[PDB]
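Visitor: I'd like to ask some things about the structure below.
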Amino acid sequence: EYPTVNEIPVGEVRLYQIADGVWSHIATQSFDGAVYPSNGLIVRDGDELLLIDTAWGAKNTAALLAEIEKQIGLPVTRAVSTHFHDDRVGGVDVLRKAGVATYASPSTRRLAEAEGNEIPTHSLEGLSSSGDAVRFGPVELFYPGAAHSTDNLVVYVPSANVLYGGXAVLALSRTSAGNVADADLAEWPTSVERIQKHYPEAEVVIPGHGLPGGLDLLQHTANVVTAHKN
Ligand SMILES: O=C(N[C@@H](Cc1c[nH]c2ccccc12)C(=O)O)c1nc(Cl)c2ccccc2c1O
Ligand SMILES: [Zn+2]
């Protein structure tokens with residue numbers, strides 16, 4: 001029942017309940033000659049919502065807000081982008097116009113601006129060093145170190161033991177490290193180890209792309225990324 005690229009059209013967004021108060025948002029986009037699905041996270045905090053990552057571009061992200069207001073009906077008050085690539089900050093302008101307060105680490109904001117990407121308004125402090133963690137709303141934000149990108153963040157929802165890895169974490173179907181132009185292949189396995197050590201009670205793990213799983217996703221990512229390096 002988890003949506004796939006064939007089941008979502010580009011421009012459409014689907015939401016998928018993972019737990020009480022926790023959803024993923026799945027979108028599709030054309031990129032690098034392909035059509036790819038992409039995952040994000042929605043987390044209820046009272047009668048409010050925290051958005052984790054855009055839906056990949058203005059158009060998708062507006063549909064995301066419109067799907068949310070239809071299917072959930074609570075306002076998105078804040079959004080965090082987990083790294084600087086356009087698939088995660090694209091739509092930040094739409095969120096801002098909708099009234100959403102957009103956040104990212106200072107390094108993400110720097111890298112986004114230098115890339116010509118949209119820039120979240122607010123800076124997240126206390127995430128500058130590998131292994132740093134801060135509470136942000138009802139989730140924890142963790143910088144495991146460089147992986148898919150130097151700046152990528154992962155997000156833990158302790159109330160539901162749900163771990164959102166973004167593109168630092170690979171679905172089980174994945175056999176390659178993906179688009180590694182911006183990745184630190186040398187550091188990524190160590191970064192996945194910091195995730196694994198910090199979240200041993202994670203019950204559901206959501207990769208940046210594809211199907212959810214359990215803690216098996218982390219070791220899979222580590223396997224793939226190590227084999228790539230060697
Ligand atoms: O989607 C990305 N990468 C994926 C690709 C992938 C492999 N296999 C897949 C299977 C399904 C969906 C996506 C995949 C991955 O690296 O794993 C992606 N990567 C980079 Cl650097 C980007 C840079 C700038 C702007 C957008 C980007 C982006 O969307
Ligand atoms: Zn990326």
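If you're wondering about the labels, chains in the structure tokens are A, B, ... by order shown, residues count from 1 in each chain, ligands from 1 in order shown.
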Do a neighbour search on region 202-210 of chain A at 6 Å with only C-alpha atoms, toss out local chain neighbours closer than 2 positions, and write the hits as a VMD selection string.

Guide: chain A and resid 38 to 39 161 to 167 169 to 171 199 to 200 212 to 214

Visitor: Save the residues we just selected, N, CA, C and O atoms, as an mmCIF file, in the first residue's frame?

Guide:
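And here's selection.cif as it stands now:
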```
data_model
loop_
_atom_site.group_PDB
_atom_site.id
_atom_site.type_symbol
_atom_site.label_atom_id
_atom_site.label_comp_id
_atom_site.auth_asym_id
_atom_site.auth_seq_id
_atom_site.Cartn_x
_atom_site.Cartn_y
_atom_site.Cartn_z
ATOM 1 N N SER A 38 9.930 10.542 -4.078
ATOM 2 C CA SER A 38 10.689 11.133 -2.997
ATOM 3 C C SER A 38 9.856 11.159 -1.728
ATOM 4 O O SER A 38 8.655 11.420 -1.792
ATOM 5 N N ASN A 39 10.501 10.960 -0.583
ATOM 6 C CA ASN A 39 9.810 10.947 0.702
ATOM 7 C C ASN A 39 10.101 12.166 1.560
ATOM 8 O O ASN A 39 11.205 12.707 1.551
ATOM 9 N N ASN A 161 8.950 6.221 17.680
ATOM 10 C CA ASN A 161 10.182 5.544 17.267
ATOM 11 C C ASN A 161 10.343 5.513 15.745
ATOM 12 O O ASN A 161 10.779 4.518 15.165
ATOM 13 N N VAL A 162 10.053 6.640 15.089
ATOM 14 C CA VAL A 162 10.163 6.748 13.636
ATOM 15 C C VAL A 162 11.410 7.550 13.294
ATOM 16 O O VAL A 162 11.593 8.675 13.794
ATOM 17 N N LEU A 163 12.239 6.992 12.406
ATOM 18 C CA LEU A 163 13.500 7.590 11.988
ATOM 19 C C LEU A 163 13.395 7.941 10.506
ATOM 20 O O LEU A 163 13.165 7.050 9.670
ATOM 21 N N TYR A 164 13.517 9.248 10.194
ATOM 22 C CA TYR A 164 13.552 9.753 8.819
ATOM 23 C C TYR A 164 15.005 10.061 8.483
ATOM 24 O O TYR A 164 15.598 10.969 9.059
ATOM 25 N N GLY A 165 15.583 9.299 7.558
ATOM 26 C CA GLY A 165 16.969 9.506 7.195
ATOM 27 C C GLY A 165 17.241 10.464 6.059
ATOM 28 O O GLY A 165 18.405 10.773 5.813
ATOM 29 N N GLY A 166 16.228 10.921 5.323
ATOM 30 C CA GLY A 166 16.477 11.612 4.062
ATOM 31 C C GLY A 166 17.429 10.826 3.177
ATOM 32 O O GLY A 166 17.512 9.591 3.275
ATOM 33 N N UNK A 167 18.157 11.502 2.306
ATOM 34 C CA UNK A 167 18.948 10.756 1.337
ATOM 35 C C UNK A 167 20.234 10.173 1.895
ATOM 36 O O UNK A 167 21.022 9.568 1.152
ATOM 37 N N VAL A 169 20.034 7.755 3.931
ATOM 38 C CA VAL A 169 19.564 6.389 4.160
ATOM 39 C C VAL A 169 18.896 5.847 2.904
ATOM 40 O O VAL A 169 18.051 6.518 2.302
ATOM 41 N N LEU A 170 19.213 4.597 2.573
ATOM 42 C CA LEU A 170 18.773 3.942 1.343
ATOM 43 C C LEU A 170 17.695 2.894 1.593
ATOM 44 O O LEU A 170 17.784 2.088 2.537
ATOM 45 N N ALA A 171 16.701 2.878 0.703
ATOM 46 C CA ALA A 171 15.724 1.802 0.711
ATOM 47 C C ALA A 171 16.392 0.466 0.421
ATOM 48 O O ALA A 171 17.466 0.387 -0.213
ATOM 49 N N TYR A 199 20.178 5.597 17.752
ATOM 50 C CA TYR A 199 18.751 5.264 17.631
ATOM 51 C C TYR A 199 18.516 3.747 17.637
ATOM 52 O O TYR A 199 17.862 3.188 16.757
ATOM 53 N N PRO A 200 19.002 3.059 18.652
ATOM 54 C CA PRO A 200 18.846 1.605 18.672
ATOM 55 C C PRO A 200 17.404 1.147 18.860
ATOM 56 O O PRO A 200 17.096 -0.007 18.538
ATOM 57 N N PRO A 212 9.520 2.270 3.238
ATOM 58 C CA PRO A 212 9.985 2.231 4.632
ATOM 59 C C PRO A 212 10.438 0.839 5.043
ATOM 60 O O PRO A 212 10.018 -0.166 4.472
ATOM 61 N N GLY A 213 11.235 0.786 6.100
ATOM 62 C CA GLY A 213 11.544 -0.466 6.769
ATOM 63 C C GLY A 213 11.862 -0.287 8.225
ATOM 64 O O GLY A 213 11.361 0.626 8.891
ATOM 65 N N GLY A 214 12.727 -1.161 8.727
ATOM 66 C CA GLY A 214 13.220 -1.099 10.080
ATOM 67 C C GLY A 214 14.694 -0.768 10.131
ATOM 68 O O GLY A 214 15.279 -0.239 9.175
#
```

Visitor: Can you check which residues of region 3-223 of chain A DSSP gives as alpha helix (DSSP H) on the backbone and send them as a PyMOL selection string?

Guide: chain A and resi 58-71+86-89+92-97+106-115+188-198+216-223

Visitor: Which residues are near ligand 2 in this structure, taking near to mean any atom at most 9 Å from a ligand atom and counting only C-alpha atoms and all ligand atoms? Format them as a ChimeraX atom specification.

Guide: /A:82-88,148-149,152,166-168,179-180,182-183,208

Visitor: Which is closer to ligand 1 than all the others in A:215, A:66, A:27, A:80, using only C-alpha atoms and all ligand atoms?

Guide: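 Nearest to ligand 1: A:27.
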
Visitor: Name the closest residue to residue 123 (chain A) among the candidates A:106, A:144, A:9, A:158; distances are taken between atoms, counting only C-alpha atoms.

Guide: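 Selected residue with least distance to residue 123 (chain A): A:106.
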
Visitor: Looking at only C-alpha atoms, which of A:75, A:57, A:126, A:11 is the one that sits closest to residue 101 (chain A)?

Guide: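 Using only C-alpha atoms, residue 101 (chain A) sits closest to A:75.
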
Visitor: Would you work out the distance separating CA of residue 220 (chain A) from atom 4 (C, counted along the ligand's line) of ligand 1, expressed in Å to one decimal?

Guide: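 Between these atoms lies a distance of 15.6 Å.
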
Visitor: I'd like the contact shell of residue 198 (chain A) - 10 Å cut-off, only C-alpha atoms, skipping same-chain residues fewer than 2 positions apart - returned as a PyMOL selection string.

Guide: chain A and resi 131+133+142+144+192-196+200-202

Visitor: Write out, as a short mmCIF file (atom, residue, chain, number, x, y, z; two decimals), in the first residue's frame, the residues just selected, with N, CA and C atoms.

Guide:
```cif
data_model
loop_
_atom_site.label_atom_id
_atom_site.label_comp_id
_atom_site.auth_asym_id
_atom_site.auth_seq_id
_atom_site.Cartn_x
_atom_site.Cartn_y
_atom_site.Cartn_z
N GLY A 131 27.38 14.15 15.15
CA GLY A 131 26.83 13.65 16.40
C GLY A 131 26.04 14.64 17.24
N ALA A 133 22.87 16.78 18.40
CA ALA A 133 21.42 16.59 18.38
C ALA A 133 20.73 17.79 19.03
N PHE A 142 19.22 15.36 14.21
CA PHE A 142 20.55 14.79 14.43
C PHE A 142 21.41 14.98 13.18
N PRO A 144 24.46 13.46 11.60
CA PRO A 144 25.35 12.31 11.79
C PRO A 144 26.72 12.50 11.19
N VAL A 192 26.57 6.69 9.07
CA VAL A 192 25.49 5.73 9.28
C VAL A 192 25.68 5.02 10.61
N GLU A 193 26.93 4.79 11.01
CA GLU A 193 27.18 4.17 12.31
C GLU A 193 26.71 5.07 13.45
N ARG A 194 26.94 6.39 13.35
CA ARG A 194 26.47 7.30 14.40
C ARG A 194 24.94 7.28 14.51
N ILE A 195 24.24 7.21 13.38
CA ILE A 195 22.80 7.04 13.40
C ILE A 195 22.43 5.75 14.15
N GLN A 196 22.98 4.63 13.71
CA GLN A 196 22.69 3.32 14.31
C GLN A 196 22.92 3.33 15.81
N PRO A 200 19.00 3.06 18.65
CA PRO A 200 18.85 1.61 18.67
C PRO A 200 17.40 1.15 18.86
N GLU A 201 16.50 2.01 19.32
CA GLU A 201 15.10 1.63 19.50
C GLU A 201 14.21 2.09 18.34
N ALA A 202 14.78 2.67 17.29
CA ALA A 202 14.02 2.95 16.07
C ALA A 202 13.26 1.72 15.61
#
```

Visitor: From the list A:138, A:153, A:2, A:98, which residue is nearest residue 124 (chain A) when using only C-alpha atoms?

Guide: A:153

Visitor: CA of residue 110 (chain A) and CA of residue 125 (chain A) are how many Å apart?

Guide: 13.5 Å

Visitor: Using only C-alpha atoms and all ligand atoms, which of the listed residues (A:175, A:77, A:17, A:128) sits closest to ligand 1?

Guide: A:175
